[PDB]
Amino acid sequence: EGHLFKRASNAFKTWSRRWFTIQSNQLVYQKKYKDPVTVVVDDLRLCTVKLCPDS
Amino acid sequence: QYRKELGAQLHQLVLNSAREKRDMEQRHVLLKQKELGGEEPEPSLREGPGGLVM
(Lines give C-alpha, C1' and ligand atoms only; values in the text may rest on other atoms or scores of the structure.)
Protein backbone atom coordinates (compact mmCIF):
# COMPACT_ATOMS: atom_id res chain seq x y z
CA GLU A 1 0.00 0.00 0.00
CA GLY A 2 1.41 3.41 -0.84
CA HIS A 3 1.51 6.65 -2.68
CA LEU A 4 1.49 6.87 -6.45
CA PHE A 5 0.97 9.49 -9.16
CA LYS A 6 -1.69 8.91 -11.86
CA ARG A 7 -3.43 11.05 -14.55
CA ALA A 8 -6.93 12.63 -14.00
CA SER A 9 -10.11 12.17 -16.13
CA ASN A 10 -10.51 15.84 -16.95
CA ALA A 11 -9.96 17.00 -20.52
CA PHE A 12 -6.35 18.14 -19.91
CA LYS A 13 -5.52 14.74 -18.28
CA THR A 14 -3.70 16.38 -15.33
CA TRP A 15 -1.50 14.34 -13.03
CA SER A 16 -2.54 13.67 -9.36
CA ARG A 17 -1.30 11.75 -6.31
CA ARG A 18 -3.43 9.00 -4.65
CA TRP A 19 -2.87 6.19 -2.14
CA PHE A 20 -3.02 2.69 -3.78
CA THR A 21 -3.41 -0.79 -2.31
CA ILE A 22 -2.53 -4.24 -3.84
CA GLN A 23 -4.61 -6.93 -2.03
CA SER A 24 -6.38 -10.24 -3.04
CA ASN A 25 -5.31 -10.10 -6.68
CA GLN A 26 -6.77 -6.62 -7.06
CA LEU A 27 -5.48 -2.98 -7.23
CA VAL A 28 -7.73 -0.30 -5.52
CA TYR A 29 -7.29 3.41 -4.87
CA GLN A 30 -8.43 5.34 -1.86
CA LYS A 31 -10.59 8.36 -2.48
CA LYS A 32 -10.74 9.76 1.05
CA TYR A 33 -9.45 8.52 4.48
CA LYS A 34 -12.13 6.35 6.18
CA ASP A 35 -14.46 6.13 3.15
CA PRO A 36 -15.10 3.16 0.60
CA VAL A 37 -12.26 2.49 -2.02
CA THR A 38 -12.59 2.45 -5.92
CA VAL A 39 -11.15 -0.48 -8.09
CA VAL A 40 -8.33 0.48 -10.63
CA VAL A 41 -7.90 -2.92 -12.30
CA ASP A 42 -10.53 -5.68 -11.79
CA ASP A 43 -7.94 -8.52 -11.65
CA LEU A 44 -4.03 -8.73 -11.52
CA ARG A 45 -3.71 -12.31 -12.86
CA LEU A 46 -5.00 -10.86 -16.17
CA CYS A 47 -2.68 -7.80 -16.13
CA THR A 48 0.77 -7.13 -17.97
CA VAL A 49 3.34 -4.66 -16.65
CA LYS A 50 5.13 -2.07 -18.80
CA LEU A 51 8.58 -0.88 -17.84
CA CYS A 52 8.40 1.81 -20.43
CA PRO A 53 12.04 2.39 -21.49
CA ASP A 54 11.18 4.71 -24.49
CA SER A 55 8.77 6.98 -22.54
CA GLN B 1 10.97 -5.93 -45.19
CA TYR B 2 8.81 -2.89 -44.48
CA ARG B 3 5.57 -4.63 -45.63
CA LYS B 4 6.27 -7.43 -43.07
CA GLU B 5 7.50 -5.03 -40.22
CA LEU B 6 4.57 -2.69 -40.63
CA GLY B 7 2.19 -5.86 -40.81
CA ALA B 8 3.59 -7.66 -37.66
CA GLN B 9 3.17 -4.41 -35.81
CA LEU B 10 -0.35 -3.79 -37.06
CA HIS B 11 -1.43 -7.29 -35.80
CA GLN B 12 0.03 -6.66 -32.40
CA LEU B 13 -1.63 -3.26 -32.43
CA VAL B 14 -5.06 -4.69 -33.27
CA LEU B 15 -4.78 -7.37 -30.48
CA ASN B 16 -3.49 -4.56 -28.18
CA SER B 17 -6.48 -2.28 -29.13
CA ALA B 18 -8.94 -5.18 -28.69
CA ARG B 19 -7.62 -5.64 -25.15
CA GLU B 20 -7.42 -1.86 -24.35
CA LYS B 21 -11.01 -1.39 -25.62
CA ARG B 22 -12.14 -4.55 -23.74
CA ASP B 23 -10.58 -3.00 -20.67
CA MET B 24 -12.17 0.46 -21.44
CA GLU B 25 -15.77 -1.25 -22.14
CA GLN B 26 -15.62 -3.03 -18.82
CA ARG B 27 -14.57 0.19 -16.88
CA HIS B 28 -17.23 2.18 -18.89
CA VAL B 29 -19.74 -0.49 -17.62
CA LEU B 30 -18.47 -0.11 -14.04
CA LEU B 31 -19.07 3.76 -13.73
CA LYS B 32 -22.68 3.42 -14.87
CA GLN B 33 -23.20 0.48 -12.35
CA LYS B 34 -22.77 2.14 -9.04
CA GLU B 35 -20.54 5.31 -8.74
CA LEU B 36 -21.44 7.84 -11.53
CA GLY B 37 -23.15 10.42 -9.22
CA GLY B 38 -26.11 12.77 -9.56
CA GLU B 39 -24.69 15.86 -7.71
CA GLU B 40 -23.09 18.74 -9.60
CA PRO B 41 -19.32 18.54 -9.97
CA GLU B 42 -17.18 21.06 -8.06
CA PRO B 43 -15.10 23.97 -9.52
CA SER B 44 -11.42 23.38 -8.76
CA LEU B 45 -9.31 26.21 -7.45
CA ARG B 46 -5.61 26.45 -8.21
CA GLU B 47 -2.56 28.67 -8.05
CA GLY B 48 -3.47 29.82 -4.34
CA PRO B 49 -5.58 32.84 -3.43
CA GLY B 50 -3.62 35.39 -5.45
CA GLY B 51 -3.99 33.68 -8.78
CA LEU B 52 -7.05 31.82 -7.54
CA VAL B 53 -7.94 30.11 -10.85
CA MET B 54 -11.60 28.94 -10.91
# chains A, B, ... in the order shown; residues from 1 in each chain; ligands from 1

$ interface_residues --of "chain A" --to "chain B" --cutoff "9 Å" --atoms "only C-alpha atoms" --output "list in words"
residues 38, 40, 41 and 42 of chain A

$ write_last_selection --atoms "N, CA, C and O atoms" --output "JSON list (two decimals), in the first residue's frame"
[["chain", "number", "residue", "atom", "x", "y", "z"],
["A", 38, "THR", "N", -12.16, 2.70, -4.52],
["A", 38, "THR", "CA", -12.59, 2.45, -5.92],
["A", 38, "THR", "C", -11.51, 1.51, -6.55],
["A", 38, "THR", "O", -10.31, 1.66, -6.23],
["A", 40, "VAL", "N", -9.07, -0.09, -9.57],
["A", 40, "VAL", "CA", -8.33, 0.48, -10.63],
["A", 40, "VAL", "C", -8.17, -0.60, -11.72],
["A", 40, "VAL", "O", -8.39, -0.26, -12.92],
["A", 41, "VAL", "N", -7.89, -1.82, -11.30],
["A", 41, "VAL", "CA", -7.90, -2.92, -12.30],
["A", 41, "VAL", "C", -8.68, -4.02, -11.66],
["A", 41, "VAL", "O", -8.45, -4.26, -10.47],
["A", 42, "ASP", "N", -9.65, -4.65, -12.32],
["A", 42, "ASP", "CA", -10.53, -5.68, -11.79],
["A", 42, "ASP", "C", -9.81, -6.94, -11.24],
["A", 42, "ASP", "O", -10.14, -7.50, -10.23]]

$ residues_around --residues "segment 15-19 of chain A" --least-positions-apart "4" --cutoff "9 Å" --atoms "only C-alpha atoms" --output "JSON, numbers by chain"
{"A": [1, 2, 3, 4, 5, 6, 7, 8, 28, 29, 30, 31]}

$ atom_distance --atom1 "atom CA of residue 44 of chain B" --atom2 "atom CA of residue 25 of chain B"
28.4 Å

$ atom_distance --atom1 "atom CA of residue 39 of chain A" --atom2 "atom CA of residue 27 of chain A"
6.3 Å

$ decode --residues "segment 2-30 of chain A" --atoms "N, CA, C and O atoms" --output "PDB file, in the first residue's frame"
ATOM      1  N   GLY A   2       0.522   2.252  -0.678  1.00  0.00           N
ATOM      2  CA  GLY A   2       1.412   3.409  -0.839  1.00  0.00           C
ATOM      3  C   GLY A   2       1.022   4.390  -1.917  1.00  0.00           C
ATOM      4  O   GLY A   2       0.215   4.101  -2.772  1.00  0.00           O
ATOM      5  N   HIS A   3       1.688   5.576  -1.758  1.00  0.00           N
ATOM      6  CA  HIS A   3       1.506   6.647  -2.676  1.00  0.00           C
ATOM      7  C   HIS A   3       1.968   6.374  -4.112  1.00  0.00           C
ATOM      8  O   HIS A   3       3.046   5.854  -4.429  1.00  0.00           O
ATOM      9  N   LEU A   4       1.092   6.852  -5.062  1.00  0.00           N
ATOM     10  CA  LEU A   4       1.491   6.871  -6.450  1.00  0.00           C
ATOM     11  C   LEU A   4       0.888   8.086  -7.168  1.00  0.00           C
ATOM     12  O   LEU A   4      -0.216   8.577  -6.831  1.00  0.00           O
ATOM     13  N   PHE A   5       1.541   8.487  -8.266  1.00  0.00           N
ATOM     14  CA  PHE A   5       0.965   9.491  -9.164  1.00  0.00           C
ATOM     15  C   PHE A   5       0.290   8.809 -10.344  1.00  0.00           C
ATOM     16  O   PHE A   5       0.718   7.792 -10.827  1.00  0.00           O
ATOM     17  N   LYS A   6      -0.814   9.440 -10.831  1.00  0.00           N
ATOM     18  CA  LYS A   6      -1.692   8.909 -11.859  1.00  0.00           C
ATOM     19  C   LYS A   6      -2.138  10.135 -12.626  1.00  0.00           C
ATOM     20  O   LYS A   6      -1.822  11.229 -12.257  1.00  0.00           O
ATOM     21  N   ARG A   7      -2.873   9.979 -13.729  1.00  0.00           N
ATOM     22  CA  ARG A   7      -3.432  11.048 -14.549  1.00  0.00           C
ATOM     23  C   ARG A   7      -4.926  11.147 -14.360  1.00  0.00           C
ATOM     24  O   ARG A   7      -5.637  10.088 -14.240  1.00  0.00           O
ATOM     25  N   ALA A   8      -5.507  12.363 -14.236  1.00  0.00           N
ATOM     26  CA  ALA A   8      -6.931  12.629 -13.997  1.00  0.00           C
ATOM     27  C   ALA A   8      -7.775  12.355 -15.244  1.00  0.00           C
ATOM     28  O   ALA A   8      -7.306  12.319 -16.363  1.00  0.00           O
ATOM     29  N   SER A   9      -9.112  12.365 -15.063  1.00  0.00           N
ATOM     30  CA  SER A   9     -10.107  12.166 -16.130  1.00  0.00           C
ATOM     31  C   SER A   9     -10.768  13.356 -16.750  1.00  0.00           C
ATOM     32  O   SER A   9     -11.602  13.243 -17.648  1.00  0.00           O
ATOM     33  N   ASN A  10     -10.421  14.515 -16.242  1.00  0.00           N
ATOM     34  CA  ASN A  10     -10.508  15.844 -16.949  1.00  0.00           C
ATOM     35  C   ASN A  10      -9.954  15.911 -18.377  1.00  0.00           C
ATOM     36  O   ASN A  10      -9.268  15.014 -18.967  1.00  0.00           O
ATOM     37  N   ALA A  11     -10.308  16.977 -19.118  1.00  0.00           N
ATOM     38  CA  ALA A  11      -9.961  17.001 -20.518  1.00  0.00           C
ATOM     39  C   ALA A  11      -8.455  17.273 -20.774  1.00  0.00           C
ATOM     40  O   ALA A  11      -7.985  16.758 -21.790  1.00  0.00           O
ATOM     41  N   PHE A  12      -7.800  18.005 -19.826  1.00  0.00           N
ATOM     42  CA  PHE A  12      -6.355  18.145 -19.910  1.00  0.00           C
ATOM     43  C   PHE A  12      -5.567  16.931 -19.489  1.00  0.00           C
ATOM     44  O   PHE A  12      -4.337  16.846 -19.651  1.00  0.00           O
ATOM     45  N   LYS A  13      -6.187  15.878 -18.856  1.00  0.00           N
ATOM     46  CA  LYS A  13      -5.524  14.738 -18.282  1.00  0.00           C
ATOM     47  C   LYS A  13      -4.423  15.037 -17.258  1.00  0.00           C
ATOM     48  O   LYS A  13      -3.335  14.533 -17.396  1.00  0.00           O
ATOM     49  N   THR A  14      -4.727  15.850 -16.175  1.00  0.00           N
ATOM     50  CA  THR A  14      -3.704  16.379 -15.329  1.00  0.00           C
ATOM     51  C   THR A  14      -3.405  15.389 -14.183  1.00  0.00           C
ATOM     52  O   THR A  14      -4.249  14.704 -13.603  1.00  0.00           O
ATOM     53  N   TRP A  15      -2.067  15.334 -13.920  1.00  0.00           N
ATOM     54  CA  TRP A  15      -1.498  14.343 -13.028  1.00  0.00           C
ATOM     55  C   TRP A  15      -1.945  14.640 -11.551  1.00  0.00           C
ATOM     56  O   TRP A  15      -2.129  15.725 -11.099  1.00  0.00           O
ATOM     57  N   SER A  16      -2.043  13.543 -10.714  1.00  0.00           N
ATOM     58  CA  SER A  16      -2.541  13.671  -9.361  1.00  0.00           C
ATOM     59  C   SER A  16      -2.110  12.421  -8.609  1.00  0.00           C
ATOM     60  O   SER A  16      -1.984  11.295  -8.987  1.00  0.00           O
ATOM     61  N   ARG A  17      -1.843  12.688  -7.292  1.00  0.00           N
ATOM     62  CA  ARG A  17      -1.303  11.748  -6.310  1.00  0.00           C
ATOM     63  C   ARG A  17      -2.443  11.095  -5.450  1.00  0.00           C
ATOM     64  O   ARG A  17      -3.264  11.756  -4.834  1.00  0.00           O
ATOM     65  N   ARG A  18      -2.491   9.758  -5.454  1.00  0.00           N
ATOM     66  CA  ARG A  18      -3.427   9.004  -4.648  1.00  0.00           C
ATOM     67  C   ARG A  18      -2.770   7.843  -4.006  1.00  0.00           C
ATOM     68  O   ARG A  18      -1.641   7.469  -4.340  1.00  0.00           O
ATOM     69  N   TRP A  19      -3.472   7.302  -2.953  1.00  0.00           N
ATOM     70  CA  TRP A  19      -2.870   6.186  -2.135  1.00  0.00           C
ATOM     71  C   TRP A  19      -3.540   4.906  -2.644  1.00  0.00           C
ATOM     72  O   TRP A  19      -4.781   4.704  -2.577  1.00  0.00           O
ATOM     73  N   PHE A  20      -2.694   4.005  -3.127  1.00  0.00           N
ATOM     74  CA  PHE A  20      -3.022   2.690  -3.781  1.00  0.00           C
ATOM     75  C   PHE A  20      -2.642   1.487  -2.970  1.00  0.00           C
ATOM     76  O   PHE A  20      -1.550   1.433  -2.408  1.00  0.00           O
ATOM     77  N   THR A  21      -3.587   0.500  -2.980  1.00  0.00           N
ATOM     78  CA  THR A  21      -3.414  -0.793  -2.312  1.00  0.00           C
ATOM     79  C   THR A  21      -3.457  -1.999  -3.263  1.00  0.00           C
ATOM     80  O   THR A  21      -4.372  -2.082  -3.971  1.00  0.00           O
ATOM     81  N   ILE A  22      -2.465  -2.942  -3.164  1.00  0.00           N
ATOM     82  CA  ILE A  22      -2.526  -4.240  -3.835  1.00  0.00           C
ATOM     83  C   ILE A  22      -2.977  -5.229  -2.743  1.00  0.00           C
ATOM     84  O   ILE A  22      -2.256  -5.327  -1.672  1.00  0.00           O
ATOM     85  N   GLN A  23      -4.095  -5.896  -2.910  1.00  0.00           N
ATOM     86  CA  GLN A  23      -4.612  -6.926  -2.031  1.00  0.00           C
ATOM     87  C   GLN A  23      -5.548  -7.907  -2.753  1.00  0.00           C
ATOM     88  O   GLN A  23      -6.335  -7.457  -3.636  1.00  0.00           O
ATOM     89  N   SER A  24      -5.554  -9.197  -2.396  1.00  0.00           N
ATOM     90  CA  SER A  24      -6.376 -10.241  -3.044  1.00  0.00           C
ATOM     91  C   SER A  24      -6.568 -10.238  -4.515  1.00  0.00           C
ATOM     92  O   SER A  24      -7.640 -10.384  -5.103  1.00  0.00           O
ATOM     93  N   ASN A  25      -5.372 -10.117  -5.209  1.00  0.00           N
ATOM     94  CA  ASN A  25      -5.310 -10.100  -6.678  1.00  0.00           C
ATOM     95  C   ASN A  25      -6.096  -9.010  -7.320  1.00  0.00           C
ATOM     96  O   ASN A  25      -6.702  -9.249  -8.366  1.00  0.00           O
ATOM     97  N   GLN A  26      -6.017  -7.828  -6.693  1.00  0.00           N
ATOM     98  CA  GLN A  26      -6.772  -6.621  -7.062  1.00  0.00           C
ATOM     99  C   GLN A  26      -5.836  -5.419  -6.776  1.00  0.00           C
ATOM    100  O   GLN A  26      -4.989  -5.461  -5.880  1.00  0.00           O
ATOM    101  N   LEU A  27      -6.081  -4.327  -7.489  1.00  0.00           N
ATOM    102  CA  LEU A  27      -5.476  -2.982  -7.235  1.00  0.00           C
ATOM    103  C   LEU A  27      -6.600  -1.990  -7.022  1.00  0.00           C
ATOM    104  O   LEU A  27      -7.365  -1.722  -8.022  1.00  0.00           O
ATOM    105  N   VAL A  28      -6.722  -1.363  -5.803  1.00  0.00           N
ATOM    106  CA  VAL A  28      -7.734  -0.304  -5.519  1.00  0.00           C
ATOM    107  C   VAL A  28      -7.059   1.003  -5.181  1.00  0.00           C
ATOM    108  O   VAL A  28      -5.904   1.040  -4.843  1.00  0.00           O
ATOM    109  N   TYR A  29      -7.777   2.114  -5.241  1.00  0.00           N
ATOM    110  CA  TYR A  29      -7.291   3.415  -4.875  1.00  0.00           C
ATOM    111  C   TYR A  29      -8.299   4.021  -3.909  1.00  0.00           C
ATOM    112  O   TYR A  29      -9.538   4.010  -3.927  1.00  0.00           O
ATOM    113  N   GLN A  30      -7.663   4.867  -2.926  1.00  0.00           N
ATOM    114  CA  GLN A  30      -8.431   5.336  -1.862  1.00  0.00           C
ATOM    115  C   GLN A  30      -8.795   6.740  -2.255  1.00  0.00           C
ATOM    116  O   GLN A  30      -8.010   7.501  -2.833  1.00  0.00           O
TER     117      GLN A  30
END
